[PDB]
Amino acid sequence: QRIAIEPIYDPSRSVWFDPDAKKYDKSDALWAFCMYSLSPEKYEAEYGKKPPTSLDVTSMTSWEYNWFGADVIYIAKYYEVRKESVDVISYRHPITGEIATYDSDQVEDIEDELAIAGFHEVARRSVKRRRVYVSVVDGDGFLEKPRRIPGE
Amino acid sequence: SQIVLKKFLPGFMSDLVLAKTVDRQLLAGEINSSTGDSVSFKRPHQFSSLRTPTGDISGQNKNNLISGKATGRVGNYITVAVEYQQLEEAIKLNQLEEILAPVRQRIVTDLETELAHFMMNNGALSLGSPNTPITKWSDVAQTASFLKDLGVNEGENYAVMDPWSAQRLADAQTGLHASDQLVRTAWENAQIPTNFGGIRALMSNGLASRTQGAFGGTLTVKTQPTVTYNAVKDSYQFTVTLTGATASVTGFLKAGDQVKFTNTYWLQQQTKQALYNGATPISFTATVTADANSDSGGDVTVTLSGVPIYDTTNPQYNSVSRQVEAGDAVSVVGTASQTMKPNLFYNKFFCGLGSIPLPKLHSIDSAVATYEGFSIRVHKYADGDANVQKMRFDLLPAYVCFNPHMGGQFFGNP
């Protein structure tokens with residue numbers, strides 16, 4: 001896994017934030033949109049050819065411009081921040097440090113720990129954490145179902 | 001009397017609940033440049049059993065495989081256009097953006113009114129007399145009971161009612177005796193819950209209305225129609241003639257009327273047994289398709305939706321207790337020529353809906369506007385040389401009916 005930095009083209013017509021955020025960096029925002037154009041051939045390459053293409057409508061551009069290419073489909077990425085209940089498991093194996101708290105995503109069977117260097121100890125403290133989800137939508141429905149991204 | 005605000009006053013708007021419930025999945029992106037003007041789906045098969053003391057199936061005849069179809073077609077264009085002189089509109093009115101708002105609402109509102117007519121015209125089932133309104137709890141639960149009794153399971157059932165009718169049910173709900181939350185909710189917001197009587201109840205103010213159409217005389221069937229499966233395996237529509245009508249009236253039977261056959265009853269489609277409505281057996285009913293007049297001698301030829309299949313060589317496809325033959329007595333529900341706004345109850349797999357994408361018109365400025373998932377193509381051109389401009393917004397709708405025996409109209413009963 002890796003962290004990547006990517007550019008956004010046409011920010012003035014692609015990025016829309018929660019209208020309740022007032023700070024410079026939009027820290028106090030709960031959702032946002034990121035739009036980008038697409039071609040019918042690439043739309044069929046991913047997703048599926050079975051459902052026709054329905055694109056978002058903004059009525060933003062074409063303001064004093066001649067338009068010829070009707071082969072652009074507008075797709076948007078949707079972000080949410082949620083507060084959810086997660087169970088933290090504290091593997092308290094004394095060897096090589098004792099206090100170690102981990103989330104429920106990593107499990108002794110999902111991750112090949114097998115209690116070799118971990119003692120189960122306490123696994124019942126449930127705490128609320130701040131999590132962020134991403135989704136891909138269009139004018140019809142969900143192109144990609146929501147999934148959580150690794151951050152805050 | 002010169003200064004005017006730049007903000008417009010609010011207006012009126014209808015609602016969309018029917019387009020959200022109908023099936024928009026099976027027919028979607030299927031009417032392409034290769035398919036043509038129509039596309040069809042397959043139909044399920046049914047089989048019969050022969051009972052003998054020791055096999056010896058040699059003497060009788062084995063089941064024959066017959067395949068059906070259900071074709072969907074496209075409709076006409078939904079077009080709204082404007083024409084103007086640019087200087088006058090450009091005085092204080094922006095790019096016809098004041099027009100931009102209530103045009104998509106018109107295009108969408110019309111699609112839903114056309115859907116209402118299609119479903120009322122092509123539904124088959126009927127319940128209660130058209131006169132009585134909805135006042136009690138049983139009037140909504142009867143639809144769910146009837147649909148469950150027919151045998152439909154795979155799908156989802158919905159019922160649509162007027163705004164005034166919902167309040168009467170809430171008034172009944174406020175009369176409950178033990179449910180705290182229901183009583184409080186009905187007292188506060190006058191809102192009935194989601195699941196009402198085993199079916200989902202919905203409230204809509206934009207709903208089509210129809211006129212009965214004058215009729216008179218004890219009608220009866222004159223000639224035995226063809227109701228074998230081979231004839232009606234593609235459309236579930238059949239033609240029948242009536243006698244004993246009035247002398248000569250135009251518009252004798254309007255589109256959407258229900259014709260009821262008294263002596264032929266419904267059957268549970270799986271077990272092939274009669275249907276009992278608690279105290280009386282349920283009669284068969286059908287809906288008129290197009291307008292029909294009456295000539296001298298009271299001969300009315302009418303095409304109906306929903307067929308009473310009584311094939312004798314293919315008994316597995318029967319859908320009625322007994323065959324309709326000459327001399328049977330029929331009736332028309334409702335009064336002479338009253339107008340009413342019906343209520344619709346249907347399954348999820350009753351009618352389809354889709355849209356045909358439209359390509360850009362060559363060398364003409366255009367854009368695409370979206371509204372509740374519906375795409376509208378807009379074009380601007382300048383035919384004429386007198387400061388005359390033109391705009392147009394369009395959509396092409398496609399409608400399909402799978403089986404008429406899973407929907408229809410329902411009213412209250414006394």
# chains A, B, ... in the order shown; residues from 1 in each chain; ligands from 1
$ select_by_dssp --residues "chain A" --states "strand (DSSP E or B)" --output "ChimeraX atom specification"
/A:15-17,31-38,73-90,101-103,122,126-137,142-149
$ write_last_selection --atoms "N, CA and C atoms" --output "compact mmCIF listing (two decimals), in the first residue's frame"
# COMPACT_ATOMS: atom_id res chain seq x y z
N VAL A 15 -15.16 20.62 -7.71
CA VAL A 15 -15.06 20.48 -6.26
C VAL A 15 -16.15 21.32 -5.61
N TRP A 16 -16.99 20.67 -4.81
CA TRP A 16 -18.07 21.32 -4.08
C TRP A 16 -18.08 20.81 -2.65
N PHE A 17 -18.05 21.73 -1.69
CA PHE A 17 -17.92 21.40 -0.28
C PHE A 17 -19.24 21.61 0.45
N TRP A 31 -19.01 16.53 4.22
CA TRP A 31 -19.10 15.83 2.95
C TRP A 31 -18.59 16.74 1.85
N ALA A 32 -18.24 16.14 0.72
CA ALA A 32 -17.73 16.89 -0.42
C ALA A 32 -17.94 16.07 -1.69
N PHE A 33 -17.83 16.76 -2.83
CA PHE A 33 -17.98 16.15 -4.14
C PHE A 33 -16.73 16.43 -4.97
N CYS A 34 -16.39 15.50 -5.86
CA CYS A 34 -15.28 15.65 -6.79
C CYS A 34 -15.70 15.09 -8.14
N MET A 35 -15.99 15.98 -9.08
CA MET A 35 -16.51 15.59 -10.39
C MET A 35 -15.38 15.47 -11.41
N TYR A 36 -15.58 14.59 -12.39
CA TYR A 36 -14.65 14.46 -13.49
C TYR A 36 -15.39 13.89 -14.69
N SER A 37 -14.92 14.25 -15.88
CA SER A 37 -15.53 13.81 -17.13
C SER A 37 -14.99 12.44 -17.54
N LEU A 38 -15.73 11.79 -18.43
CA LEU A 38 -15.42 10.42 -18.82
C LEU A 38 -15.95 10.18 -20.23
N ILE A 73 -19.23 12.08 -20.17
CA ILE A 73 -20.12 11.70 -19.09
C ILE A 73 -19.51 12.18 -17.78
N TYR A 74 -20.32 12.82 -16.94
CA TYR A 74 -19.84 13.44 -15.72
C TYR A 74 -20.12 12.53 -14.53
N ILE A 75 -19.05 12.10 -13.87
CA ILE A 75 -19.11 11.22 -12.71
C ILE A 75 -18.48 11.95 -11.54
N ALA A 76 -19.00 11.70 -10.34
CA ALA A 76 -18.55 12.39 -9.14
C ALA A 76 -18.18 11.39 -8.06
N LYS A 77 -17.17 11.75 -7.26
CA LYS A 77 -16.80 10.99 -6.08
C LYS A 77 -17.37 11.68 -4.85
N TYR A 78 -17.98 10.90 -3.96
CA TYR A 78 -18.68 11.43 -2.80
C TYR A 78 -18.00 10.97 -1.52
N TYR A 79 -17.73 11.92 -0.63
CA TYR A 79 -17.03 11.66 0.63
C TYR A 79 -17.97 11.89 1.80
N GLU A 80 -17.90 11.00 2.79
CA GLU A 80 -18.62 11.16 4.05
C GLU A 80 -17.67 10.93 5.21
N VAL A 81 -17.93 11.64 6.31
CA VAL A 81 -17.27 11.39 7.58
C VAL A 81 -18.34 10.97 8.58
N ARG A 82 -18.11 9.84 9.24
CA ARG A 82 -19.07 9.28 10.18
C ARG A 82 -18.39 8.96 11.50
N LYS A 83 -19.17 8.99 12.57
CA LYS A 83 -18.72 8.55 13.88
C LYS A 83 -19.37 7.20 14.17
N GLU A 84 -18.54 6.16 14.27
CA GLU A 84 -19.02 4.80 14.40
C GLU A 84 -18.43 4.15 15.64
N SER A 85 -19.10 3.11 16.12
CA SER A 85 -18.63 2.35 17.27
C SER A 85 -17.71 1.23 16.79
N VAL A 86 -16.50 1.19 17.36
CA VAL A 86 -15.51 0.19 17.01
C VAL A 86 -14.97 -0.42 18.31
N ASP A 87 -14.71 -1.72 18.28
CA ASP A 87 -14.18 -2.43 19.43
C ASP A 87 -12.67 -2.55 19.29
N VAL A 88 -11.94 -2.06 20.29
CA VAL A 88 -10.48 -2.11 20.31
C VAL A 88 -10.04 -3.27 21.18
N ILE A 89 -9.10 -4.06 20.68
CA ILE A 89 -8.57 -5.22 21.38
C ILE A 89 -7.15 -4.89 21.82
N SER A 90 -6.88 -5.06 23.11
CA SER A 90 -5.59 -4.71 23.69
C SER A 90 -4.78 -5.99 23.90
N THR A 101 -2.84 -1.51 21.84
CA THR A 101 -4.27 -1.53 21.53
C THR A 101 -4.47 -1.47 20.02
N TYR A 102 -5.26 -2.40 19.50
CA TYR A 102 -5.51 -2.50 18.07
C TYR A 102 -7.01 -2.57 17.81
N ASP A 103 -7.41 -2.16 16.61
CA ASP A 103 -8.81 -2.16 16.22
C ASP A 103 -9.28 -3.57 15.87
N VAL A 122 -7.75 -7.85 27.39
CA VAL A 122 -9.04 -7.17 27.33
C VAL A 122 -9.40 -6.88 25.87
N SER A 126 -15.36 -0.56 23.96
CA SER A 126 -15.84 -0.04 22.68
C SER A 126 -15.84 1.48 22.73
N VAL A 127 -15.24 2.10 21.71
CA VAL A 127 -15.08 3.54 21.66
C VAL A 127 -15.52 4.03 20.28
N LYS A 128 -16.01 5.26 20.24
CA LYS A 128 -16.42 5.90 19.00
C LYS A 128 -15.21 6.53 18.33
N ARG A 129 -15.09 6.32 17.02
CA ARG A 129 -13.97 6.84 16.25
C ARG A 129 -14.48 7.55 15.00
N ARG A 130 -13.65 8.45 14.48
CA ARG A 130 -13.98 9.25 13.31
C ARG A 130 -13.44 8.55 12.07
N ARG A 131 -14.33 8.24 11.12
CA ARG A 131 -13.99 7.47 9.94
C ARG A 131 -14.54 8.17 8.70
N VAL A 132 -13.88 7.93 7.56
CA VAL A 132 -14.20 8.59 6.30
C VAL A 132 -14.49 7.52 5.26
N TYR A 133 -15.56 7.71 4.50
CA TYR A 133 -15.98 6.79 3.45
C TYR A 133 -15.97 7.50 2.10
N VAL A 134 -15.75 6.72 1.04
CA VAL A 134 -15.76 7.25 -0.32
C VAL A 134 -16.71 6.41 -1.16
N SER A 135 -17.32 7.05 -2.15
CA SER A 135 -18.27 6.38 -3.03
C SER A 135 -18.24 7.05 -4.40
N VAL A 136 -18.67 6.31 -5.41
CA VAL A 136 -18.77 6.81 -6.78
C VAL A 136 -20.23 6.74 -7.19
N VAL A 137 -20.78 7.88 -7.61
CA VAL A 137 -22.19 8.01 -7.94
C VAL A 137 -22.34 8.71 -9.28
N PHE A 142 -25.51 4.10 -7.79
CA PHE A 142 -24.17 3.88 -7.27
C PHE A 142 -23.36 3.10 -8.31
N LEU A 143 -22.31 3.73 -8.84
CA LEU A 143 -21.37 3.00 -9.68
C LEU A 143 -20.45 2.12 -8.84
N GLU A 144 -20.08 2.60 -7.65
CA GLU A 144 -19.28 1.83 -6.71
C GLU A 144 -19.85 2.04 -5.31
N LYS A 145 -20.06 0.94 -4.59
CA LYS A 145 -20.64 1.03 -3.26
C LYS A 145 -19.65 1.68 -2.29
N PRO A 146 -20.15 2.35 -1.25
CA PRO A 146 -19.26 3.07 -0.33
C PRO A 146 -18.27 2.13 0.36
N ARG A 147 -17.06 2.64 0.56
CA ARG A 147 -16.01 1.93 1.29
C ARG A 147 -15.20 2.95 2.07
N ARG A 148 -14.62 2.50 3.19
CA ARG A 148 -13.88 3.40 4.06
C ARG A 148 -12.43 3.53 3.60
N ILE A 149 -11.90 4.74 3.71
CA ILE A 149 -10.52 5.03 3.31
C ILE A 149 -9.67 5.15 4.57
$ closest_atom_pairs --of "chain A" --to "chain B" --cutoff "7 Å" --atoms "only C-alpha atoms" --output "CSV"
residue,atom,partner,partner_atom,distance
A:50,CA,B:29,CA,6.6
A:51,CA,B:29,CA,5.4
A:52,CA,B:29,CA,4.7
A:56,CA,B:370,CA,6.4
A:57,CA,B:370,CA,5.0
A:66,CA,B:365,CA,6.8
A:67,CA,B:365,CA,6.1
A:70,CA,B:360,CA,6.2
A:139,CA,B:373,CA,5.2
A:140,CA,B:373,CA,5.1
$ closest_atom_pairs --of "stretch 377-406 of chain B" --to "stretch 142-155 of chain B" --cutoff "12 Å" --atoms "only C-alpha atoms" --output "JSON lines"
{"residue": "B:403", "atom": "CA", "partner": "B:152", "partner_atom": "CA", "distance": 11.5}
{"residue": "B:405", "atom": "CA", "partner": "B:150", "partner_atom": "CA", "distance": 9.0}
{"residue": "B:406", "atom": "CA", "partner": "B:147", "partner_atom": "CA", "distance": 7.5}
$ write_last_selection --atoms "N, CA, C and O atoms" --output "short mmCIF file (atom, residue, chain, number, x, y, z; two decimals), in the first residue's frame"
data_model
loop_
_atom_site.label_atom_id
_atom_site.label_comp_id
_atom_site.auth_asym_id
_atom_site.auth_seq_id
_atom_site.Cartn_x
_atom_site.Cartn_y
_atom_site.Cartn_z
N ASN B 403 -47.39 -8.61 -17.12
CA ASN B 403 -48.58 -9.44 -16.95
C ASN B 403 -49.69 -8.58 -16.37
O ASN B 403 -49.53 -8.03 -15.26
N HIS B 405 -52.34 -9.35 -14.95
CA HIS B 405 -53.00 -9.96 -13.81
C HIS B 405 -52.33 -9.64 -12.48
O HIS B 405 -52.59 -10.33 -11.48
N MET B 406 -51.47 -8.63 -12.43
CA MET B 406 -50.78 -8.25 -11.20
C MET B 406 -50.90 -6.75 -10.96
O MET B 406 -49.93 -6.07 -10.63
#
$ residues_around --residues "residue B:295" --least-positions-apart "5" --cutoff "10 Å" --atoms "only C-alpha atoms" --output "ChimeraX atom specification"
/B:245-250,252,300-301
$ residues_around --residues "residue B:339" --least-positions-apart "2" --cutoff "12 Å" --atoms "only C-alpha atoms" --output "PyMOL selection string"
chain B and resi 130-131+208-214+254+256-257+334-337+341-342
